[PDB]
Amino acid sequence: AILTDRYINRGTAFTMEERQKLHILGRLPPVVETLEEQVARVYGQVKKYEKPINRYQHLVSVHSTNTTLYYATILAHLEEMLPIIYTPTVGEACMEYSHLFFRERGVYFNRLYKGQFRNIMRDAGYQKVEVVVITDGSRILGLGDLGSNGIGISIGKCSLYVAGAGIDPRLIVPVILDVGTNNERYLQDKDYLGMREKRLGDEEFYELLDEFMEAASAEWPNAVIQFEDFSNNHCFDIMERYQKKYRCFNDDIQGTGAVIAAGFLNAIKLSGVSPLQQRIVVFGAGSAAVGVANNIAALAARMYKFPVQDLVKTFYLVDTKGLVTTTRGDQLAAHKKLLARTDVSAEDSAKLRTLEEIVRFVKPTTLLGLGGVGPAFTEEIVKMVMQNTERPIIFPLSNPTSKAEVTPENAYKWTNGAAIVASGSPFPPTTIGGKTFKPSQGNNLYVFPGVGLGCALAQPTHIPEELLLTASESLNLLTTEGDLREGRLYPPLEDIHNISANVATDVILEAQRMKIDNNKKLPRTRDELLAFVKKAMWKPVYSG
């Protein structure tokens, strides 16, 4: 009974005396382990499996049986587990092994339940829910429509709030809004269990998502609503529609830009080449890429009080046509106009089409890789940036590893160790003349859990851009003089509870400053607040 409840089950960590008192002697093998010992054992069971998917499968069974031991194992091996319990293994689990999510707590909405969303939420009988992750399985990167099987993404993202910021696992809810799927295999699959129809048009999409947002605000009024893995046709428009009326954010848009900005500003500090001296090529010009550039500018403006106009003029935006300029003769998308050069002639614009010739002309000190078109940061291009700065900042952020603008290894090799690198993926260290270099990974885990924990405590009426900017600055500042001396751009991933506690404290203080905080119990000074936030976090240890 104790054993069959994954929240209180301790398995072999029940002492002999506990086993007699609880009447479970002879329900376990006789060895008694500490949690630490159970973690080392589970870690061995995981590494016995070869393929990421089989490792995920084993971990799902641990989560089903002993939740405390699951989260304890993730926290002890976080850098190594991350690619198994989320991107990119979780997407493969959704696409071909969706049965791995059947047993998980989860809430399914579709048009058949129109008008009943609030009843379905009430019926789930959750207490004071703090975090709700919602997807429609459409995919931010637009690859592999998962439809209903998108529930696996919400389940995996919810587990990262629990591991990263000690959101209590009983107080988090994964949600799929099934509005159909354009996945042709799934539409013909006899074993697809979701709505077997093409994705709904915008009017019906927004009718169901409006009902979702209103139901959640009434039935789960304490919750942060986080949008995950929505396609580009909707994700930006969703934030515009809801950002002021509901407590909501989108991690792919707002999280990514907070994390990259914090790392980029620490790269600037190590470079010696100060922010107004940086010449930054933004390779890629989607809404997301422009969003990150704007987040870098907003952060440098907050931290340093340079005029934001002067920071915007450090950016050279490159789209598929070439350098984005006002003299190019094309009609620019709204999002490209802000970062468009005003200082480049029509004649020069005509000769600024390939990344090689753009780099030669611009003489950048930074390359930001947000391009999603493979390895465009060639050896020749990296050698040219070496002419312009002693410390080239090179950020190949396009995912996955095959779409990356350059390998950290090549970046370090070509610069003889001078490159300051951040990556969107983990990479092993590179050694050059006995000296070791490792890229700093801008993982989204640095920001969303702390935002969730801060918004859970502070209960703000909404999440304005001030709170994401505060979280970005908080993260930047947690990189210690020592971390910086070793070339690290972020605090260490394995210190995520402390990082989340700090990010959360800083978010609450910003909400208090703006007077949007609904929880009057919280300390309002940083030292006392930080202590309070750390005590509020759920810890994966045997409690009782």
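Don't overthink the numbering: it's just position in the shown sequence, from 1.
In none of the other PDB entries of this protein that model the residues around it does residue 175 lack coordinates, well short of a third.
Of the other compared PDB entries of this protein that include residues on both sides, all give residue 300 atoms, none of them, and so not a third, leaving it without.
For the pair 45-53 and 58-66, the mean Cα B-factor is higher in 45-53.
Higher mean CA temperature factor between 197-205 and 394-402: 394-402, per the PDB entry. Sorting 320, 73, 98, 256 by the CA temperature factor given in the entry leaves 320 at the top.
When the C-alpha B-factors of 227, 126, 212, 86 are read from the PDB record, the largest value belongs to 126.
Sort the modelled residues of the chain by CA B factor and residue 13 lands in the lowest third.
Looking at the C-alpha B-factors along this chain, the one for residue 353 belongs to the highest third. Ranked against the other modelled residues of its chain, the C-alpha B-factor of residue 136 as given in the entry falls in the lowest third.
Residue 485: CA B factor lies in the highest third for its chain, per the PDB record. The PDB entry assigns residue 418 a C-alpha temperature factor belonging to the highest third of its chain's modelled residues.
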